[PDB]
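> Structural data only, the sequence is not supplied:
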Ligand SMILES: O=C(O)CNC(=O)C(=O)O
Ligand SMILES: [Mg+2]
Ligand code: NI
Ligand SMILES: [Zn+2]
């Protein structure tokens, strides 16, 4: 069995190996990459996402979110307070202001310590889930707006044509902006490209151990758990590496830098934080190996998680018994 310790693997494809996305994902899995839940892909030196980032300041962040924490330093929830619209240029200036800028630090480990010690005492502002792309249309390899769609994949594997579309999203981050512990909708893959700026630190639990994380989360968030059997789908719960280690949960950590891709694999729970002003682009995708995970994915039926249009068909076709209850939670 390849990668039996479930370590995060890092790949360096050549330009020839960068031509066929599906083939290279399947190659990574042949080496056991999926067992970690997360892999890093460093693109060939010949590749670029676009020519420059000099012309992005006029992108609008229609609904910036202030991430307000409740709890203790290693175990907290966050809610998202809506703020007034601002441009990427205005947000960048805000990120770099004294109130929000990254503090002086020695290295990534020192910044991680500072994050976990101090995150709860501040409320950083995040631009999330902005439909759009920063890939040049003439970038032909690993262009996140030109991947095969999940609806086409389900049709190819299972024979059923379904409605829906699959497009990328942009994320504008600052110091302390946080992504809570979650798997993807319908336990899909994700791919994330850090276009510019400061790093992103990731934490991940191997898919084969995901239920260990869920059990700890029910213990640490007992009211949330009573409310919803799939409350991690709400994307609000944080648990520090120190707390995970105290509870014997298997996990790994890695820092993504500008110009690097990350792939999350089906049922790989992940969380993390941004180091300073940055911009990432991400999209969900599927492969033949996803289908069996999609059929078994938990679902939030309490009202809180309330998802993409295009999730309807995946629940309807892969999870017909759950469909009626799930849909009641969407109305
Ligand atoms: O860029 C982000 O905010 C974090 N993205 C994800 O959780 C992802 O790509 O799966
Ligand atoms: Mg612009
Ligand atoms: Ni994710
Ligand atoms: Zn719920």
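Yes, it's here. Residues are numbered from 1 along each chain as shown. Ligands and ions are numbered 1, 2, ... in the order given.
> Just give me the neighbour total for residue 89.
Residues near residue 89, counting by other Cβ atoms under 10 Å, number 12. From N, CA and C alone the C-beta is placed, and that goes for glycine too.
> Excluding chain neighbours, what is closest to residue 287?
residue 25 (6.0 Å; Cβ to Cβ, 6 or more residues apart in numbering).
> Please enumerate residues in contact with the helix or strand hosting the one you found?
Remark: residue 25 resides in helix 21-30, with elements defined by DSSP states H and E. With Cβ atoms under 8 Å, 6 or more residues apart in numbering as the test, helix 21-30 has contacts from 2, 9, 11, 13, 17-18, 34, 39, 41, 141-142, 147-148, 189, 263, 287, 289.
> what's the answer for stretch 86-98, then?
Contacts to stretch 86-98, defined as Cβ under 8 Å, 6+ apart, come from residues 56-61, 64, 100-101, 125, 127, 172-175, 276-277, 279.
> any idea how far the residue nearest to residue 287 is from residue 269?
20 Å (Cβ to Cβ, to the nearest Å).
> These two: who's more crowded?
For the pair residue 25 and residue 269, the greater number of neighbours falls to residue 269 (26 against 21), based on other Cβ under 10 Å.
> in the stretch 1-150 of the chain, which spans are helices?
Counting by DSSP state H, counting those that start in this stretch, the segments of the stretch 1-150 of the chain that form helices are 21-30, 88-95, 108-118, 150-158.
> tell me which residues of the shortest one are tucked away?
Translated: helix 88-95. Going by neighbour count (16 or more other Cβ atoms under 10 Å), the buried part of helix 88-95 is 88, 91-92, 94-95.
> try the third one
Neighbour-count burial for helix 108-118, counted by 16+ other Cβ under 10 Å, picks out 111-112, 114-116.
> Buried residues of stretch 208-219, list them for me.
209-210, 212-214, 216-217.
> err, stretch 40-49, not the other one
Using 16+ other Cβ under 10 Å as the burial criterion, the residues of stretch 40-49 that qualify are 40-41, 43, 49.
> unless I'm mixing things up, residue 114 is touching residue 105, no?
Yes. Residue 114 lies in contact with residue 105 (Cβ atoms under 8 Å); the separation is 6.4 Å.
> Would you mind listing what in this protein touches ligand 2?
56, 58-59 (Cβ under 5 Å from the ion).
> Show me where the stretch 1-150 of the chain has its strands.
Secondary structure of the stretch 1-150 of the chain by DSSP state E, counting those that start in this stretch: the strands cover 9-11, 38-41, 60-61, 65-72, 75-82, 86-87, 125-131.
> Reformat those as JSON lines; add distance to residue 243.
Putting the strands of the stretch 1-150 of the chain into JSON lines (distance: least, Cβ to Cβ, whole Å) gives the following:
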{"stretch": "strand 9-11", "distance to residue 243": "26"}
{"stretch": "strand 38-41", "distance to residue 243": "19"}
{"stretch": "strand 60-61", "distance to residue 243": "32"}
{"stretch": "strand 65-72", "distance to residue 243": "9"}
{"stretch": "strand 75-82", "distance to residue 243": "6"}
{"stretch": "strand 86-87", "distance to residue 243": "34"}
{"stretch": "strand 125-131", "distance to residue 243": "23"}
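> To ligand 1, which of these lies closest?
Ligand 1 lies closest to strand 125-131 among these, at 6.6 Å (Cβ to the nearest ligand atom).
> What helices and strands are in contact with the closest one?
Contact analysis of strand 125-131 by 3 or more Cβ pairs under 8 Å, 6 or more residues apart in numbering; DSSP states H and E lists strand 65-72, helix 88-95, strand 169-173 as its packing neighbours.
> Report the angle between it and strand 169-173.
Orientation check (axes from the mean of the first three to the mean of the last three Cα atoms, to 10 degrees): strand 125-131 against strand 169-173 gives 170 degrees.
> partner strands of strand 125-131, parallel or antiparallel?
strand 65-72 (antiparallel), strand 169-173 (antiparallel) (DSSP bridges).
> what residues does it touch?
59, 61-62, 64-67, 80, 83, 88, 91, 94, 100, 167-174, 177-178.
> Buried subset of these, written for ChimeraX?
To isolate the buried ones among the contacts of strand 125-131 in ChimeraX, judged by 16+ other Cβ under 10 Å, type:
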select :59,61,64,65,67,80,88,91,94,100,168,169,170,171,172,173,174,177,178
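> Quick check: residues of the stretch 101-250 of the chain near ligand 1?
Counting by Cβ under 6 Å from any ligand atom, the residues of the stretch 101-250 of the chain close to ligand 1 are 171, 179, 190, 192.
> Which residue, other than its chain neighbours, is closest to the residue in the stretch 101-250 of the chain positioned nearest to ligand 4?
Closest approach between the stretch 101-250 of the chain and ligand 4, counting by Cβ to the ion: residue 228, at 3.1 Å. Distance criterion Cβ to Cβ, 6+ apart; nearest residue to residue 228, sequence neighbours excluded, is residue 302 at 4.2 Å.
> and the gap between residue 97 and ligand 4?
Residue 97 sits 35 Å away from ligand 4 when distances are taken as Cβ to the ion, to the nearest Å.
> Kind regards, and thank you for your time.
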